[PDB]
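In the form deposited in one PDB entry, a lone chain appears below as structure tokens.
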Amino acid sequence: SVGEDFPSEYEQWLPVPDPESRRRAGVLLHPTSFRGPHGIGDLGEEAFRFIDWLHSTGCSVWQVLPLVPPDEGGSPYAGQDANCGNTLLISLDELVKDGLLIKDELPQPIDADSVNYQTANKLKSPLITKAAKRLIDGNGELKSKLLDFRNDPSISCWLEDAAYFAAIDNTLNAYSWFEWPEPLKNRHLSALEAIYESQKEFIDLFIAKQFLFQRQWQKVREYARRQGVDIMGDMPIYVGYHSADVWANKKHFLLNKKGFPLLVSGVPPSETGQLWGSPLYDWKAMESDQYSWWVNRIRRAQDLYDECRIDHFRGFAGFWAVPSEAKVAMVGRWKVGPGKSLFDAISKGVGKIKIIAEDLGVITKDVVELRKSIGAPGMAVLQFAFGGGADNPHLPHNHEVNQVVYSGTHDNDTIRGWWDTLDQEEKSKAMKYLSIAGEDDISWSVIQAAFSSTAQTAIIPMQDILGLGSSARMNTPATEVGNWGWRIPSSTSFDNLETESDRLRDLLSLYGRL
């Protein structure tokens, strides 16, 4: 009490750093990019090697792109399913360890500078199928774990729908499920039973393949955790029309009486607007079952990742809605999103979540208030920092603590590529703010600025750690070809990036991110 003596240990009663405030860094690297002989990266030895290398740098976060089955262009953002894993990421060597293939059955290696998905599928799928077949034919330990996975209720609430959808899509020659015969289109119960009987094998194999992905991914994730590395995933806010997600939950979407979307996704203008064309959620319909679809989706995201970015997070506050009739985006209108009640339901259903809000571009007051109300960090991207003036939110002096800072994302050129095409006056602006040595090392200048930020989390693409040019760019938006193909050059092994490792560690040490 006021005036009185303190206990004798007053002088030692110091503030202690909050553990949840710990500064950290990480690397954005999608597993398709790993080296190896089978035309695409996978969840085998290169993933563990990369984890060991990441750990040796002092980084404690690994960010991946969505791990869903991609479209035929390779895009993880136009996946065929929101919850399934990309089975082309399955390691054939790991399957040999599991006793599902023998070494002699492995294909002759191929050189694939870049991922060609068609090539990877022709090479790998037959062998994955054969492994999945032996798994299902066996009795024993591994079979028993398939059955647990399959009968686990939090797997089956998406897996069975996904397997039936895939069986029907395989059986039928049709553009999309809109064109399916009515009993399959609208999931008549006896039609579904008839499908199970006639496509039983396909369904069992599909499920077995999802088990193999899950098993190999969970080993990667447990290895990461043992080495102090959290994994940060990614999810687009919208899912595609031709998927089990929509087909098996039509009432949760804005579809007409025939199952065609009334309204589709997009954004307004500069431009004539931008038309994405995804189906939209019936948010008030979802409100009525306590948002169960989204709750299940987050439960699957938790199963895969420690943390998850949500692309186009602004859509939870307000979304642009275009008449599906239209061929241009400008015709739509803004609609009211579910707001915080969604995240209330999720937290009630799943518990504590770690979400990152992708909140780039022009966003409204309600977006910022929603993001803050659930305590989600937003993003800063240094590549965007040098247009306009000193109020640009991407400049380090405007960064916030609860924020994730990138040098660039998978949608941007590499730092070297970006530097190379940078117009004068954005460039001399950058030169004043950044500490630049030689231009060849421009990517380290930007890395350093990200690390020096007050943002709690700094994330760098592997391409920039390797100092690579525009040919290593992962994606160029609004192009339909040449994306998602980058792989680490077959010469660069994780055993040979110790200079890079040391340099990162020096920076992380200097800026308190170890």
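All residue numbers refer to positions in the sequence shown, first residue = 1. Between two forms, the rigid core is the largest collection of C-alphas that superpose within 1.5 Å.
* Asked: Between us, would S270 come up missing in a third or more of the other compared entries?
  -> Result for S270: often missing, at least a third of the compared entries.
* Between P126 and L127, how many deposited residues lack coordinates (none, 1 to 3, 4 to 9, 10 or more)? -> According to the record, the chain runs unbroken from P126 to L127.
* To do: Look up the CA B-factors in the entry and say which stretch, 483 to 491 or 41 to 49, has the higher mean.
  => The stretch with the larger average C-alpha B-factor is 483 to 491.
* Return whichever of 13 to 21 and 502 to 510 has the greater mean Cα B factor according to the PDB record. => For C-alpha atoms only, the mean B-factor is higher in 13 to 21.
* **Given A191, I415, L382, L262, the residue at which the Cα B factor reaches its maximum** => Each of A191, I415, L382, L262 was compared by C-alpha B-factor; the highest is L262.
* Maximum C-alpha temperature factor, selected from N249, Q218, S75, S288 -> Within the set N249, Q218, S75, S288, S288 shows the top C-alpha B-factor.
* Where does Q80 sit by CA temperature factor within its chain: lowest, middle or highest third? -> Answer is highest: the recorded C-alpha B-factor places it there.
* Comparing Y175 with the other modelled residues of its chain, is its CA B-factor in the lowest, middle or highest third? -> Tercile = highest for this residue's CA B-factor.
* To do: Determine, from the deposited record, the chain-internal third of the Cα B-factor for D234: lowest, middle or highest.
  => For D234, whose C-alpha B-factor we compare with every modelled residue in the chain, the answer is the lowest third.
* Asked: How does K327 rank on Cα B-factor within its chain, lowest, middle or highest third?
  -> Highest third of the chain for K327's C-alpha B-factor.
* Asked: If you rank every modelled residue in this chain by C-alpha B factor, which third holds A472: lowest, middle or highest?
  -> Within its chain, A472 is a lowest-third residue by C-alpha B-factor, going by the deposited values.
As for the form deposited in another entry, it is not shown, yet the points below apply to it.
* With the two forms aligned on their rigid core, point out which item of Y433, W276, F384, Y223 shifts its C-alpha by 2 Å or more between this form and the one not shown. => Going through each option, the one that shifts is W276.
* Asked: Core-aligned, is the CA shift for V322 between this form and the one not shown 2 angstroms or more?
  -> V322 C-alpha, core-superposed: shift of 2 Å or more.
* Asked: Do you see a C-alpha shift of 2 Å or more at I136 between this form and the one not shown, with the core held fixed?
  -> The answer is no; the displacement is under 2 Å.
* Comparing between this form and the one not shown on the rigid core: C-alpha of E9 shifted by 2 Å or more? -> Yes, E9 moves 2 Å or more.
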